[PDB]
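Written below as structure tokens is the structure these notes are about.
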Amino acid sequence: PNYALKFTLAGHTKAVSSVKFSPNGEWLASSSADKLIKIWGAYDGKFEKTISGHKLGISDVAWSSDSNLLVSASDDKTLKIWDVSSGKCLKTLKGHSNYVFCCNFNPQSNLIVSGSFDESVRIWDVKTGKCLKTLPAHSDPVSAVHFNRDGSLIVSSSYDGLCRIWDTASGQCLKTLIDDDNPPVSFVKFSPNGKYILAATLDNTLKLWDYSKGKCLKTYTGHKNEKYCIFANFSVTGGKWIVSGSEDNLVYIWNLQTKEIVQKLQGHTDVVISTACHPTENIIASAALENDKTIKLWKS
Amino acid sequence: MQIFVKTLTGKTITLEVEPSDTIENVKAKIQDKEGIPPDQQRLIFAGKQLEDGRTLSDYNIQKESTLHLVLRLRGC
Amino acid sequence: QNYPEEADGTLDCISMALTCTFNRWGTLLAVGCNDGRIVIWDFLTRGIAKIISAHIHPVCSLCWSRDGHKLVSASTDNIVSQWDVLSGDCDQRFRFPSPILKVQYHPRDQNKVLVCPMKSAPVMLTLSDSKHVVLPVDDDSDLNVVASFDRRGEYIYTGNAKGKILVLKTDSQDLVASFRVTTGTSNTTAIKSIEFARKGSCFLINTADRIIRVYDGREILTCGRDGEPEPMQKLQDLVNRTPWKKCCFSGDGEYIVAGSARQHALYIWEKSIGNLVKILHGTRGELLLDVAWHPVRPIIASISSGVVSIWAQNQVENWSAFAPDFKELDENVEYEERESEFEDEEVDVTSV
Amino acid sequence: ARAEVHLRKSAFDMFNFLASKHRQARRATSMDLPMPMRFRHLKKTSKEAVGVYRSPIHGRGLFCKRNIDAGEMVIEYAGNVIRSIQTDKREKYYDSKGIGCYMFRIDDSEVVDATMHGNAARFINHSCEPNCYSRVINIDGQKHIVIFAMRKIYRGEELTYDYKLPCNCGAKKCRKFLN
Amino acid sequence: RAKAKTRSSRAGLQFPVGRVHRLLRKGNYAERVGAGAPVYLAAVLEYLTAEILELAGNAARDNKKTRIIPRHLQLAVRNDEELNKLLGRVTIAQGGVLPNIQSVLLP
Amino acid sequence: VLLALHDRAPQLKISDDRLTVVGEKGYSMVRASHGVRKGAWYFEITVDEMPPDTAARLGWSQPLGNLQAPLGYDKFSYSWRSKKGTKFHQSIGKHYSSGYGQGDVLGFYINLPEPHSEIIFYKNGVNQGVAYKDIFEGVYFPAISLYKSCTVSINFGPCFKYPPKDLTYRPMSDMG
Ligand SMILES: Nc1ncnc2c1ncn2[C@@H]1O[C@H](CSCC[C@H](N)C(=O)O)[C@@H](O)[C@H]1O
Ligand SMILES: [Zn+2]
């Protein structure tokens, strides 16, 4: 709880979408809405390149486990597989009839899930780029998809207050957790072992649902999240902090051991929509929307 | 002559038999004392299958020795 | 559920598959091919994981190590190599007599490998250096011996082409227990293969009179040297007479599968009762090569003319995984619901 | 796309069965046999006879996959065998919950509920020129509710009957008041 | 000198095995009759008998009856597809027909 | 006094002595054909069998109530739950009173002059709770709504076994 600013990643000319760390913990990537995906370092923000070659905008960018291969969630309704070391359009792949927001890889790096706006949650191929499976899941745009540790489960969040756990092999619904309120559930993700799911709902309250039983355990209070879909993370290096972006020009970091207001960071000038945590070190990213266009590296 | 029979599980029976007794008498005594049926009492003496129609004064059986009862399974 | 029933697809990806095996957890499948290629699939993702070129001549034997990071093979070229799943490089290679049957690690140590040559004696090796211990054979007349480690790793059972099973201690070569199999009336029969379970002491002997005998691993230790045990269970087919090719046990050592060398079928028995429970037919005119079994889940992987089939339970779904508040009944159910008609637990979330 | 916060975020629906695809004698139920001979084969046939899809008329509807002949059985309406005063609590309860009424009465004694418990005979729309009707039959003392047919029905055609407020039926013989 | 156990009990059947073996030996089919052939054939005959009596008992229950008369055997055979192909050129006495009126005859 | 035949629920076990009632599954509240209008009338509810898991709602319900009604549904019907006396009336939850034993003699009374009411849970002439107040003038049927097949009898004789103490009433040999 002694995080201070070190550097500032600048160069993005629109609302900064998301920034994510490499799995080896050495390359914090970046992107924006100006069809420019930059490649930055981790400890000083060192420039490498800027990935483009598109036709329309870009929403999100995923990884590879060896920190080499990439994919872009572009906004021309296509799927472009990219690369860190080269920067080449490896596979140009269509498949959707609307835009795509969330996309992820299984830990064995052979499948592409893509929670889209035309609601066809697909499972793609990496080696050949062929369509493999199809899930008629939701009647809303899919906000978050995620795999577990081994890779046998797929989670899915929606707008009508539903979360469904999907099967990798067979591909049918297994568990549906129900909520009387229906806010747009923004960002769900598994626990770092694969036995709990942390849910983010739009009533300014986070919830930690136990997986197999089916009830929640503890919540969070005191944050502002009503309009947008703000991400969240976990912390395993130091304490049990929970890092999330903020709307009121802050950084939302608290603990379930605390469950109260114990630490807030400050300095932003627009809504921080995406944060990211470092696996081995105490490095916290924080990127805001169009009125800031900068990234604030926090460091213990 | 109180010889012993230890099975593979680790249980030893205490049979206070005579040195000139039969096999079906031992079967009836085990039916009285345990409830286990006598359809599996294949006793092993130095690796050799003891025949069911025998007595104890036939195989030159040493007193207070150890035999072994091995369970068998059949039934559909 | 239990033992499989339905055909459930195939893997027609790489031609000319020949042999197959699983690891301890059943997440990988190594298959040698007709030109020195070892293709590894996945069952967690149902996709090809890694393809490693081994040699130019085919592969007829494979074995996983205990950690799962090392493979070993025995090709036609008398090559026994400790491979890598990360890099994929040959390390050790030295020639044997030209037919080789089977290789197998020690079930606790990845240092001891038990190679069974065809026209020789069993040779127990080391992998810290190039030592080799030729195990003793009683008859020394036919030189057709198959052998394997037991479940824990304490003993090695050996069998000859005359029906004489020996028990050697795994490190000092102590011939302490033996028997000759009571085949019919007077004549003796051959021994084709010896396999061991995953839970317990039971094992099976595949003879040449087309009868499979299921023994117990403790009656041999009870009887000692030159004893006469009898089998717990004798399993055969008398309609088609069915000369068998390959056998193994189920997950917890409860069921037995036994592929056929004439008609491309798979027969499954119980061990406790001992009755036939299901026959799994297939393509009518093929030829069978290998049978596998997934160690915690009912999946059988049968290689026949390069085609691997997977019998996998035919998952058929329903409602109420979508709408948990609804119960899709079948016929009418009458009731009234109730007889009166109107905490700080901190659990580690990152514990693996 | 991450910024255009818009409406249409909640619909308050129990079933998300509205899908992207929505791909809408010899048999014993068609013979002239007595009634329990047909009622036994009914439930084995009804799994492959019909299905539910996205109806253009009002929400969801029942769509066949095979040529139903004239005057045969199609499906049984079966759910909770409740009595006719818990229906009032459930009407006020799902008035508070906004969920519509699924209440067929077998006679003037008891009512079948199809909200918490039932089968795929819920999703049958209303019309004014229908092609199905109903009776109440007797199978071993108990009584049941069977949806018959009226004419030969082709693969893809929606099944409707008279339930007995503006409706989206649109038929020429409409009444525009369903009470 | 032991206890006699009939060959039906040893295989778990209900039809006799000794009578089938005698009727194969005394029926001029071949010279020599194997050991497993009457066991196989009694198993097949028991399977077909149970398969027809299941459907006949179901029809007899649906007509509010307790016993089985030849009408229920008629309905059971003629409604199944494969029993109808097996018993195709067979007249069952006191059996009747199936109800079937052509389409163009009723108004 | 003989029961009714057609203003009732026939699926219950109106037993074959014409003086003893046995219930079934569900609160199918059978109601007799002798409802109070004015004056003073009382009878008993004699329990001869009471198994466990047998809640017996006893009270007074109008002709406006359903034949299948729960006794305690509306303003026109009272309730008295066996579990902690938690009565329910106009959908109101109130943990109020005590329970009742096995094989006792039950029976309730109301006094409606030609008004002011005397509505107290009457068990063995002992107070069990002041129930409610200020009803309207009307008819109230003898309500038998049982949960299981508990065989209970009923006393129509003027020689009551447990009446309320010092009760002004009339003998039951004049209504039927
Ligand atoms: N043809 C029709 N036009 C307008 N409303 C209809 C209709 N048929 C049924 N309804 C209404 O819809 C309810 C039946 S349920 C309708 C189908 C399904 N529940 C769905 O929408 O997904 C009834 O309450 C009825 O009032
Ligand atoms: Zn209409």
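Easy rule for this one: first residue shown is 1, then count along the chain.
This deposition comes from electron microscopy, 3.2 Å.
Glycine too: its Cβ is placed from the backbone N, Cα and C atoms.
Swiss-Prot lists B:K6, B:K11, B:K27, B:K29, B:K33, B:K48, B:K63 with the feature ubiquitin cross-link. Look at Swiss-Prot and you will find B:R54, B:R72 tagged as site 'Interacts with activating enzyme'. Feature annotation from Swiss-Prot assigns phosphoserine to B:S65; the stated evidence is experimental evidence. The (Microbial infection) ADP-ribosylthreonine feature in Swiss-Prot is assigned to B:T66; the stated evidence is experimental evidence. Sequence annotations record features per position, and here Swiss-Prot assigns site 'Essential for function' to B:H68.
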- Query: Here are the recorded positions: B:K27, B:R54. Which has the lowest count of other Cβ atoms within 10 Å?
  - Reply: B:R54
- Message: Given a separation of at least six residues and a C-beta threshold under 8 Å, show me what packs close to B:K48 (ubiquitin cross-link) in the same chain.
- Response: B:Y59
- B:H68 (site 'Essential for function') and B:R54 (site 'Interacts with activating enzyme'), Cα-Cα, nearest whole angstrom: 16
- Query: Which entry in the list of recorded positions, B:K29, B:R72, has its Cβ near the fewest other Cβ atoms, using 10 Å as the limit?
  - Reply: B:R72
- Message: On the three-state reduction of DSSP, what should I expect for B:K63 (ubiquitin cross-link)?
- Response: coil
- Note on the structure: With B:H68 (site 'Essential for function') as reference and a Cα-Cα limit of 10 Å, the qualifying recorded sites from B:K6, B:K27, B:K29, B:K33 are B:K6
- Taking only the recorded positions B:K27, B:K33, B:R72, which one has a CA atom nearest to the CA atom of B:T66 ((Microbial infection) ADP-ribosylthreonine)? B:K27
- B:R72 (site 'Interacts with activating enzyme'), DSSP three-state class -> coil
- Task: Compare the C-alpha of B:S65 (phosphoserine) with the C-alpha of each of the recorded positions B:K6, B:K11, B:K29, B:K33, B:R72, and give the closest one.
- Result: B:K6
- Message: What does the structure give for the C-alpha distance between B:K63 (ubiquitin cross-link) and B:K33 (ubiquitin cross-link)? Integer Å is fine.
- Response: 22
- Calculate the distance in Å between the alpha carbons (Cα) of B:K33 (ubiquitin cross-link) and B:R72 (site 'Interacts with activating enzyme'), and round it to a whole number. 20
- Message: Return the residues near B:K11 (ubiquitin cross-link) by Cβ distance under 8 Å, restricted to its own chain and a separation of at least 6 in sequence.
- Response: none
- For B:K27 (ubiquitin cross-link) and B:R72 (site 'Interacts with activating enzyme'), what Cα-Cα distance in Å is obtained after rounding to a whole number? 15
- Message: For the recorded positions B:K6, B:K11, B:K27, B:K29, B:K33, B:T66, return the ones with C-beta distance to chain C below 8 angstroms, or 'none'.
- Response: none
